[PDB]
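Architecture and fold: a report
As a plain string of letters, each chain reads:
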Amino acid sequence: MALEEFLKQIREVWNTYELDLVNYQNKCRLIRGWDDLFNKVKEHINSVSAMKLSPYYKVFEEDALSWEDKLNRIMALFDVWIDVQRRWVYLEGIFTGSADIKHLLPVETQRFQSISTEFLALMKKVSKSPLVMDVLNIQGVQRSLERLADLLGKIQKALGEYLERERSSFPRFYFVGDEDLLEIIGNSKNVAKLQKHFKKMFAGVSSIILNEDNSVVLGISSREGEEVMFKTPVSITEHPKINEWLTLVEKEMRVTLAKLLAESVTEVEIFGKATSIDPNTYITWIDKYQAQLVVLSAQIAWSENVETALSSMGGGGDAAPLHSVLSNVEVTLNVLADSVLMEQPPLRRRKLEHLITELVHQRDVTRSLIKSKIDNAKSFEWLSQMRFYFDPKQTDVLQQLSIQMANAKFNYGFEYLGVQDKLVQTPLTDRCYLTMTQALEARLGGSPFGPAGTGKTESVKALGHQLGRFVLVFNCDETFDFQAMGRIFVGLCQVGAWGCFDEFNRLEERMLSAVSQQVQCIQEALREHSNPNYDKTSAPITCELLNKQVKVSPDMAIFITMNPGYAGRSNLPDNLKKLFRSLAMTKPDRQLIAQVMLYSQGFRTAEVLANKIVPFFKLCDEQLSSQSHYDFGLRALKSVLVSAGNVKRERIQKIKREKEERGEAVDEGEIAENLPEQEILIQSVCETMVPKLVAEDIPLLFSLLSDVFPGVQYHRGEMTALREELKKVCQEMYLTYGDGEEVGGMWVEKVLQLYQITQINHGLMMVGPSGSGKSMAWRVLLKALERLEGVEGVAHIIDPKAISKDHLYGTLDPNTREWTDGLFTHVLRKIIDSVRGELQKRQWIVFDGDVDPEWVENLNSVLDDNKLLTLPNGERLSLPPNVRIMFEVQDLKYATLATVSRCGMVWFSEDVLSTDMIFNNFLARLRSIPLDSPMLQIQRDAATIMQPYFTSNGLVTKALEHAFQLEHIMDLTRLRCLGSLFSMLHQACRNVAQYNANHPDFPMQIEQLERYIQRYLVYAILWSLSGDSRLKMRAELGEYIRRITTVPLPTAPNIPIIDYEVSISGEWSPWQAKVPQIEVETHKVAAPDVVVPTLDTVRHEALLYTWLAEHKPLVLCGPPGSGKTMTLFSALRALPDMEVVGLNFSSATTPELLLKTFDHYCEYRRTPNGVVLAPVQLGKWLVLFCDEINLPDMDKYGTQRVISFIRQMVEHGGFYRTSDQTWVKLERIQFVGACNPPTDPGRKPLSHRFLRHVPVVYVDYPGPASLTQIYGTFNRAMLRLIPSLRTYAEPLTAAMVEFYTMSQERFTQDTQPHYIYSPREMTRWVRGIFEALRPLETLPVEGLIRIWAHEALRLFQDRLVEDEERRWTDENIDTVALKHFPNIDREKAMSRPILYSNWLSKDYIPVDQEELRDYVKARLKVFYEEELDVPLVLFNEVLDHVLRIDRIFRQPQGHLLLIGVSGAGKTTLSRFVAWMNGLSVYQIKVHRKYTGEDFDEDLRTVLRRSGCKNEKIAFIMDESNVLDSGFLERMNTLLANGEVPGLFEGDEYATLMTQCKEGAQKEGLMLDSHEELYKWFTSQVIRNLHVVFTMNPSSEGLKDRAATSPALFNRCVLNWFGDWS
Amino acid sequence: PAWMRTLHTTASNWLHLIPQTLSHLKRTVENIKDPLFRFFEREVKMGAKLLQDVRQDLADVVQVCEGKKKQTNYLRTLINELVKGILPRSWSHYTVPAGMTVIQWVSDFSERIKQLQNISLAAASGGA
Amino acid sequence: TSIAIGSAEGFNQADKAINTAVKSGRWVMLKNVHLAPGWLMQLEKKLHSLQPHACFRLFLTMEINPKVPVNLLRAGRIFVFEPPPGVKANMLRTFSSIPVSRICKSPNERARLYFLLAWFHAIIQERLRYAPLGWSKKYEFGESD
Ligand SMILES: Nc1ncnc2c1ncn2[C@@H]1O[C@H](COP(=O)(O)OP(=O)(O)OP(=O)(O)O)[C@@H](O)[C@H]1O
Ligand SMILES: Nc1ncnc2c1ncn2[C@@H]1O[C@H](COP(=O)(O)OP(=O)(O)O)[C@@H](O)[C@H]1O
Ligand SMILES: Nc1ncnc2c1ncn2[C@@H]1O[C@H](COP(=O)(O)OP(=O)(O)O)[C@@H](O)[C@H]1O
Ligand SMILES: Nc1ncnc2c1ncn2[C@@H]1O[C@H](COP(=O)(O)OP(=O)(O)O)[C@@H](O)[C@H]1O
Ligand SMILES: [Mg+2]
Ligand SMILES: [Mg+2]
């Protein structure tokens, strides 16, 4: 009755729980408690789901299912209500607090009023009945919110121009997105909602301090908690509107900091030039003032001391008081060093670290001044230093501080920076400061350039933070166009902020030239500030940006950082480069950075540690092997140094934690004395460097570690708590867990290493070959951390290369300038907004796919310390601390150093995932997951039988090792074999169950079950490991198995094992028993659906059946025409409940071709678990057949987008819908691929990450004996038409096979790209003879040879280019015929002018050349008077050509590829023959403005006429008509399938259905279903539409043409008309 | 064709000049601690892989030019470069001066392998 | 009126500036026109059927690029700008580019400093001709420096 209690508890909770209401400005009663509502619903939903597992669920099934429906309906309603209420709050604020918007946008204002009325009406109902069930039962409440959400979104998108007007009134709004700005404007009274947006408008203001009323802004605060209290508080009541008090807050921030600086300077002067400093007073002064002012005060005091000392040294020979300046710095630095040797508050400790870094530089500068004997303040070695002059007598507090370097003078901006980590002030950084400040004085931009990881971006920000400026970083890409850059400049100019444009050379060259105009006009405006004649009490300086007059603040600056060494980057035009002063930052001063950082962190041996760690990184870059995922640069060094301080702090906390439970001897000073500082550094190195190492580099690095750090050992923490959770998660996921050298131990170490990287890096890559356990490593870790820490883990897995880069990050509208989020931007923005508590969960964004610089370099500012996603609309999204950016990849051969250096690396090797582990996983799943318990009992018994062979060094392991030594049509990977092997064994378990269904009396016993499984396992091993190899390789694996196996095998002397199947009785049975010598019905001779059983067909069909029945994706590979489509469709006939849809890939095929097929055959439905895509027809599995899956273009980074898209749908079971950024799950959809071998021209190798899911079967050309069996059967059937010709069946087949084999050898793809001969020609050969024999009552044997010779010429000679080739074909036709047909009259059978026609009679009989010439002249006379009055001269080749065209127009799907020189009559003859056969001629009427949608409309016109009106049409189209590659992607589908999946959409499809229903009615067919109508429409297009393609002979063009339109060369008959002879 | 015969002689001749053997350094507990062994082990390891790849590619070209194995996409790309005298990008594994042609690379690559052989011979016979 | 070419707005601005200038004698300079080879062909056809003011001049700035149409090259007069042939030519170009009043300011020693700068600029630029020996790399020491 425990289940009954849960139902009672669920019933009682929802009979009383009321929507918690709050009054909102006396207008309505909003709903709070969204977290309480959502968690409560989720908790009951889980409990209802969990109680289904209980066996006692049957009695309460209906009641539980009723509650599942109700709880799901509650989720679907209030997940929309929350977004509707949120949007209404800030839209209501805007449409009430700004009367100007009513006039500006009257339509939107009235539309919002109507929606605001329906919202308030629904609010009042909720107030009356706040019970959730009563609200849930409100009529149409679900649809009301759905309409409210959509309608409110339209109003939101219509306020864009209003938002652009408000951005001027507070220019920091230019750096805020439209939606966030509406929240800011609309919530101007609800100040608590404004807090999350301050980090976007300010450098270091994360929140504001408010009184209890929230009416006065008392001050500002940073993200670390540091507070600035305003001297004069800002009252919001006296300045209500949002943009004025925000301006007053920005001013008080600057005024308060300047006033606070003056007070700080007064106190710090006492510390300066003082013999002894009391630490308590000095620490008190540090704590009292902000971090930025504390360092600023120290710099001011030091500068004035040096100025004072140099002034006294005017006489030259006077004593130097500079030593006292050095003395004061030494004393102060000793106190700072002593303070960081002990525990400090986190804010004070960082302040102390900043002061140590500042004073180390002052110590170095003062030492340099003393060593150089400088005695004058005007000496350049002092002027070149950055100096700080403070005038307390200055009236304006904002101008009391002057920062001067050389001749450059700057005011301090007094932007609140919070606590920004400072750089070590190195000689490179000193040179950077000097160069950039020279550019600033010259009103020029700064252009630091160099390789990645040299400090270019950090130095620009450091200089800006030194000057108190708001520095904005932008990660530039090709989407930063002229309009986007200008708008960013407008914001920068009015705010007075610095723009640091990183990767600035990733802009297009045309955009760089255009931007140079905007940069120049700003710089001219900046020089207007510098003019002494200009007075501040005048018209403000203004430059023209985007055709508008924009005020320019003197504090703004432009900086660009670039790597000029990166190939593929844009070269800056010279006119742009003259606007920037460039500095090379190539060799950072690593040893100085390491020494100062370790000294500021409290390491006593910092000099010793720095002298070891920096050379150690240099040694690693050279001593260790070279890998693409190896980085030992400054980022890697910085990571270790920062981690060293963290490790030192935890040990000190750990040491005293031991002291708490062991005495009371806390003696912190002595605690730092006995502290293994070298061991701390080694731990940071190993926690950060070791996971990236390959196996053979691991001992090398530890030898290097012992070389540089003798006697120091690395010992990982034994993480019992995490390992216990990992072991449990592995058990629930059927995974193998090990410890140390056990099975799975290497993989568990990688999981633990991955966890360590997650705690040090916000961006990390898991790199390793396909099938290394990378995915399971982070999927298991995510679940384990949920159990260990209690924090829910959420993973968003993205295939970045399965979609366009526009769909990944988003697009800026070219005209409306509206921003649409991409997939990654939408996910990250959803987490930042945290509407449903995403900030309290562990959020992992996994980019599972290929890494190329084009898309991942948009994440440079995300993966570095900026933690910002910068968008071309000026918006900057901060990465929250709970988010990890992860990249699961198989290689990094296209990633640049910029990306590799910014991410933690965990390397997976194929040895990490052992084959024993994979075998355990398959067996564990087989013993627990039922395939349909009677079915599980079969699997469990079968698992016991398979177990001996799946051990290490077993049969399967030895077979796998031998298979890798063989040659395969595709690259061989371990998981492709095992994936195929496990699918086949699952089918064997289904076979035993199906046998038990056939034998309900006697189910299979273990003796028979054992006898079946062992042989099937051997059978499955051969096909899984050699099915993608040729017969000789399939054989050789057979003997090797025969040697090593103990399973009984067929005892035939010379018959390969691959020639045997396994009967359900556990006996080997030859495949030849299922290959009968059939006799084919005479009307089905060589018909497309007829398959003559051969040894290969029955084996391939059985193998295809197994994979298809398991819904396993598969690829058939073989030469064109080898029978791949025939075998697949033959196997599908024995597999009902499966519909096949043929897709024809080209070089230009994108995932969008798959999406159109989904739109036509499948529906998207909203389910409680997400969007599911399933076939429209119920109970059917829909098979996507891709015929040329390896043709799609491979980009320059080795990626095919559609292949990545298919890999996503197979491995993840779905894809992302780019319109709404929503994951779609596939249901009842499987994929089958066909392709030619990757070595063929135009073919690319398939990705190994796609092949692990897709078993490959190799279908070769039938051999000479197989061809004799196939077409000997056809010839016997077709020669039953003439009983007197039955005897000649065998010689006719032999002649066919001999000439076909000779032609296939004689002409190959090496000579011409279209010289492909396959059994397709044999099928056409038999069909052609059969069509010429049906209306014939009798025929002599010489008449048979003439038809045989005629069809050979049409099939083999018509495609030949050269006269020698045509001469050879003509001669060998005679040779072959007489060899197999002696005693025949050669002349009457082989007269060289072989012409056949049905023009002079009812039948297709031979025609005399002169008789044909007279008839064509007679018909040409009529043709001139009716269609085209262009006289033609009739020569012999024309008569042959018109007969060839006439043949194709009389065949279904008769398509022509006419190749020849222009003006040879290809079009005219086609029209003339089309007029003779009753075919209407359609030609597209191209012009200079003819575009793709013009071609689509033209395609619709032809398809309607031929598909609906039953009109025979010759669609004649030239190569010149192809104005775009998209034209042929449509024709490639049309030629092969007679249909274009996406051509008819919307109203066009509806009109087509009306016309098809009318058209089918005139034919007498009873069709009403749209699917039935579309199939009939396709069948009409197949029989009526004829496409004639005309093109000139171009060797390069013809070869390239095959990839663009493979249907042109396998669905069209090619006739090489060439030039006139 | 004329190119097919001329390229056959060149590839066969290159297989004569380029050495055929390169034995990896035997890793030892006390050899890993030797910095010279650590650098020299890298040289042979990357050198042996490049040596096998070039020899295999050249052997396939000879067999192609004898009409015994069919021309694949990789072979078509490699054969086109060899006819034009451009150094194949697959062969390019160590930094070289810009504008270096394939005939100079083969002679340069042959000398580097000889030195690599002597270094491994000393390590094999005599120790690190 | 000076216009950069790459932007779509730049094309519209160029046409309006040219149309206004051909009726008033105004000067128009279009920079980096090699970035728009297709638009350059249309500009050549536009200039052919036009009889502007006698003082009108159109300046096109481009890099030496094979993408520049032949028809435009034939219609215009080409001036090649490159490093001066030698030290003498380099220094004469420098002294012509700097206004005389700039050198001849109140400190008489300013003239010798400019000469030293001109000599230094000539020597540094001429060493670039010796690609490897003069400097390890082909630095872009130029007018901005
Ligand atoms: N620890 C483990 N124990 C047992 N089986 C495992 C383990 N880890 C992975 N496997 C299995 O072995 C295979 C490894 O797949 P996984 O997704 O982990 O590899 P991957 O390297 O991420 O793959 P890809 O390169 O295709 O992205 C799967 O069949 C998986 O079920
Ligand atoms: N002078 C310095 N002091 C401290 N850290 C530095 C210094 N210069 C660079 N770094 C660090 O080096 C890494 C790379 O700096 P970054 O500015 O991103 O380089 P770049 O822009 O050249 O790629 C960062 O971790 C940065 O903080
Ligand atoms: N056993 C067979 N029975 C009937 N036709 C066969 C047989 N083997 C080969 N063929 C012929 O070979 C050709 C194969 O065509 P298809 O299946 O489209 O080839 P692919 O898919 O390899 O491009 C057809 O003409 C088919 O009739
Ligand atoms: N057999 C012919 N006799 C006379 N004129 C011909 C003949 N074939 C073509 N022409 C001429 O060439 C023109 C172009 O014919 P068309 O069919 O468009 O050529 P193609 O398709 O080969 O480019 C015709 O309009 C006609 O003037
Ligand atoms: Mg940078
Ligand atoms: Mg994976």
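Look up a bit, the structure's there.
My aim in this report is to walk through the structure given alongside it, one point at a time. In this document, residue positions are counted from 1 along each chain in sequence order, independent of how the entry numbers them, and residues without coordinates are left out. Here chains are named by letter from A upward and ligands by number from 1 upward, in the order in which they appear as written. Bear in mind that the chains are drawn from a larger assembly and that all values refer to what is shown. With hydrogens and water set aside, each side-chain value is computed from the structure's full complement of heavy atoms.

Summing up its helical and strand segments, chain A has 61 helices and 42 strands in all. In summary, chain A has a C-alpha radius of gyration of 40 Å against a globular reference of 36 Å for 1621 residues, a match within 12%. On the principal axes, the C-alpha backbone points of chain A span a range of 130 × 85 × 80 Å. For chain A, the residues scored as buried account for 58% of the 1621 residues in total. Surface accessibility of chain A: about 66900 Å² in total, with carbon and sulfur atoms responsible for 51%. The average position of the 182 basic charges and that of the 212 acidic charges among the side chains of chain A differ by 1 Å. Strands are runs of DSSP state E lasting at least two residues, helices are runs of H or I lasting at least four, and both sets are numbered from the N terminus onward. Atoms counted for the radius of gyration: C-alpha only. Globule rule: 2.2 Å times residue count to the power 0.38. Only protein chains enter the area calculation, which uses a 1.4 Å probe; residues under 20% of their type maximum are buried, those over 50% are exposed, and those in between are partly exposed. Accessible surface is estimated by sampling points in the Shrake-Rupley manner with a 1.4 Å probe; for residues, cover comes only from the protein chains shown. Under the convention used here, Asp and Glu are negative, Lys and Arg are positive, and both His and the chain ends fall outside the count. Where a charge lies is defined by one atom per residue type: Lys uses NZ, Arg uses CZ, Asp uses CG and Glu uses CD.

The next point concerns the interface of chain A and chain C. Accessible area lost on assembly of the parts is the figure often given for the size of an interface. Here, two residues are considered to be in contact whenever any of their heavy atoms come within 4.5 Å of each other. The interface is formed by 13 residues belonging to chain A together with 11 residues belonging to chain C. Computed with a 1.4 Å rolling probe, the buried area is the accessible surface lost when two parts are put together, summed over both parts. Among the residues chain A hides against chain C, the three largest losses belong to A:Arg510, A:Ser513 and A:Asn575. Together they make up 37% of the total. In the sections that follow, a salt bridge refers to a side-chain nitrogen of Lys or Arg positioned within 4 Å of a carboxyl oxygen of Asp or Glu. C:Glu140 is the salt-bridge partner of A:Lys577, the closest N and O atoms lying 3.0 Å from each other. Elements represented by at least two residues in the side of chain A that touches chain C include exactly α20 (509-530) and α21 (574-577) of chain A. If you tally residues by element for the side of chain A that touches chain C, the top one is α20(A), at six residues. Classes in brief: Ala, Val, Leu, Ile, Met, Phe, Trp, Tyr, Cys and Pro nonpolar; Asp, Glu, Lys and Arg charged; the others, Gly included, polar. Tallied by class, residues from the side of chain A that touches chain C come to three nonpolar, five polar and five charged.

Each packed pair of helices is defined by two parameters, the angle between the axes and the distance between the axes. All names here are of chain A. Close contact between helix α23 (residues 606-623) and helix α27 (residues 698-708) brings their axes to 11 Å; oriented N to C, the two are set at 150 degrees. By the angle between their directions, the pair α23 and α27 is classed as roughly antiparallel. As α23 runs across α27, the sense of the crossing is right-handed. Contacts between α23 and α27 involve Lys 612, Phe 616, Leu 619, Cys 620 and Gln 623 on the former and, on the latter, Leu 700, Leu 701, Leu 704, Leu 705 and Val 708. For the contact of α23 with α27, the residue count by class is eight nonpolar, one polar and one charged. What counts as an axis is a line fitted to C-alpha atoms, over the stretch in contact for a helix, and the angles between N-to-C directions run from 0 to 180 degrees. Oblique is the label for every angle not falling under 35 degrees (roughly parallel), over 145 degrees (roughly antiparallel), or within 65 to 115 degrees (roughly perpendicular). Left-handed is the label given to a crossing in which the near helix is rotated counterclockwise from the far helix by less than a right angle, and right-handed is the label when the rotation is clockwise.

Listed per partner, the contact involves 14 residues of chain B and 19 residues of chain A. Interface of chain B and chain A: buried area, both sides summed, is about 1200 Å²; carbon and sulfur atoms make up 38% of it. Ranking the residues of chain B by area buried against chain A places B:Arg38, B:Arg42 and B:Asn73 at the top, with a combined share of 48%. Between chain B and chain A we count four salt bridges in total. Across the salt bridge formed by B:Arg27 and A:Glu696, the nearest N and O atoms sit 3.6 Å from each other. Any pair of N or O atoms that falls within 3.5 Å is considered a polar contact. Within protein, one atom must be able to donate a hydrogen and the other to accept it, and sequence-neighbouring residues count only if both atoms are side-chain atoms. The tally of links between chain B and chain A comes to 13 residue pairs in polar contact. Of all elements in the fold, only α2 (35-65) and α3 (73-84) of chain B reach the threshold of two or more residues within the side of chain B that touches chain A. In terms of residues, the side of chain B that touches chain A owes the most to one element, α2(B), which gives six residues.

So, on to the packing of aromatic side chains. Working definition: an aromatic ring pair is given by the centre-to-centre distance plus the angle between the planes. Residues and elements named next belong to chain A. Between the rings of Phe, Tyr and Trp (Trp by its six-membered ring), a pair exists once the centres lie within 6.5 Å; its type follows the angle of the planes, with under 30 degrees stacked, over 60 edge-to-face, and the other angles tilted. All chains considered together, the criterion is met by 73 aromatic pairs over all chains. Through pairs of rings, three or more aromatic residues link up here, namely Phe 1299, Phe 1307, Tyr 1315, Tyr 1317, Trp 1325, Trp 1348, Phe 1356 and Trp 1368. Look at NZ for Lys and CZ for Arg. If either is within 6 Å of the ring centre and within 35 degrees of the ring normal, a charge sits over the ring. Over the ring of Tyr 17 we find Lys 40; its NZ or CZ atom is 5.4 Å from the centre of that ring. We note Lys 70 situated over the ring of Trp 67; from NZ or CZ to the ring centre the distance is 3.2 Å.

Contacts are most numerous, across the two pairs of chains in contact, for chains A and B. Chain B shows no contact with chain C. Their nearest C-alpha atoms sit 13 Å apart.

Residue and element names in this part refer to chain A. When you line up the elements, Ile 969 lands in the loop between α38 (955-964) and α39 (974-998). Sequence spacing of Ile 969 and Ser 1026 is 57 residues, and the spatial spacing of their C-alpha atoms is 9.7 Å. Residues contacting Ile 969, with those up to four places away along its chain left out, are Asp 1028, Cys 1117, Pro 1237, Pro 1238, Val 1256 and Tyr 1258.

What follows is about the coordination of the magnesium ion (ligand 6). Residue and element names in this part refer to chain A. Metal-coordinating donors are taken as N, O and S atoms lying within 2.8 Å of the metal, or within 3.2 Å when the metal is Na, K or Ca; because water is left out, some sites can appear incomplete. Those protein atoms acting as donors to the magnesium ion (ligand 6) are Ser 775 (OG) and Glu 888 (OE), and they sit at 1.7 to 2.0 Å. Of this pair, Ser 775 sits in helix α30 (residues 774-789) while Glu 888 sits in strand β23 (residues 883-889), and the two are 113 residues apart along the sequence. Each member of the pair, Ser 775 together with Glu 888, is buried.

Here the focus is the site of ligand 4. All names here are of chain A. Taken together, 14 residues are adjacent to ligand 4, and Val 1433, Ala 1464, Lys 1466, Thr 1467 and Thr 1468 come closest. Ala 1464 is positioned such that a nitrogen or oxygen atom in its backbone is 2.9 Å from an oxygen atom of ligand 4. Note that an oxygen atom of ligand 4 is positioned 2.8 Å from one of the side-chain N or O atoms of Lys 1466. Expressed as a share of its isolated accessible area of 570 Å², the protein-covered part of ligand 4 is 71%. Residues that form the shell around ligand 4 fall into these classes: eight nonpolar, five polar and one charged. Whether a residue is near a molecule or strand depends on its heavy atoms: if one lies within 4 Å, it is near.

Further remarks concern the site of ligand 1. Residue and element names in this part refer to chain A. Looking at ligand 1, there are 20 residues lining it, with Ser 770, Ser 772, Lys 774, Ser 775 and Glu 888 nearest. In the model, a nitrogen atom of ligand 1 is placed 3.0 Å from a nitrogen or oxygen of the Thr 736 main chain. Residue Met 776 places a main-chain N or O atom 3.3 Å away from an oxygen atom belonging to ligand 1. Within the shell around ligand 1, the residues separate by chemical class into eight nonpolar, seven polar and five charged.

A few words now on the packing of helix α54 (residues 1436-1449) of chain A against helix α55 (residues 1466-1476) of chain A. Residues and elements named next belong to chain A. Packing of α54 against α55 leaves a shortest axis separation of 9 Å and a crossing angle of 55 degrees. Between α54 and α55, the angle is such that the two are oblique. Of the two possible hands of crossing, α54 and α55 adopt the one that is right-handed. Only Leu 1469, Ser 1470, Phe 1472, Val 1473 and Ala 1474 of α55 make contact with α54, whose side of the interface consists of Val 1438, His 1441, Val 1442, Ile 1445, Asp 1446 and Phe 1449.

In this section: the pairing of strand β9 (residues 445-449) of chain A. Residue and element names in this part refer to chain A. For β9, a buried count of four out of five residues is recorded, marking the element as mostly surrounded by other parts of the structure. At least two bridges found by DSSP between two strands are what make those strands a pair. With five bridges joining them, β9 and strand β15 (residues 580-584) adopt parallel strand pairing. Bridge pairing in β15 places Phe 449 opposite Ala 584.

So, on to unusual backbone geometry. Among all residues except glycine, the phi angle is most often negative; among peptide bonds, the trans geometry is most common. Residue and element names in this part refer to chain A. Backbone geometry at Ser 834 places phi at a positive 55 degrees, although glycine is not the residue there. By secondary structure assignment, the location of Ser 834 is in the loop between α32 (823-833) and β20 (842-848). For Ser 834, a relative accessible area of 19% puts it in the buried group. Of note, the phi angle at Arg 1228 is positive, near 55 degrees, even though the residue is not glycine. Structurally, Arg 1228 can be placed in the loop between β33 (1222-1226) and β34 (1229-1235). On the accessibility criterion, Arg 1228 (15% relative accessible area) is buried.

Residue and element names in this part refer to chain A. Patch membership requires over 30% relative accessible area and the absence of a salt bridge. Like charges are linked within 9 Å, and nonpolar side chains (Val, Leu, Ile, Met, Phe, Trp, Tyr) within 5 Å. A cluster of like negative charges, contributed by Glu 658, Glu 660, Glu 661 and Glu 664, occupies part of the molecular surface. Examined against the element boundaries, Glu 658 turns out to sit in helix α24 (residues 634-660). Owing to a relative accessible area of 39%, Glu 658 belongs among the partly exposed residues under this scheme.

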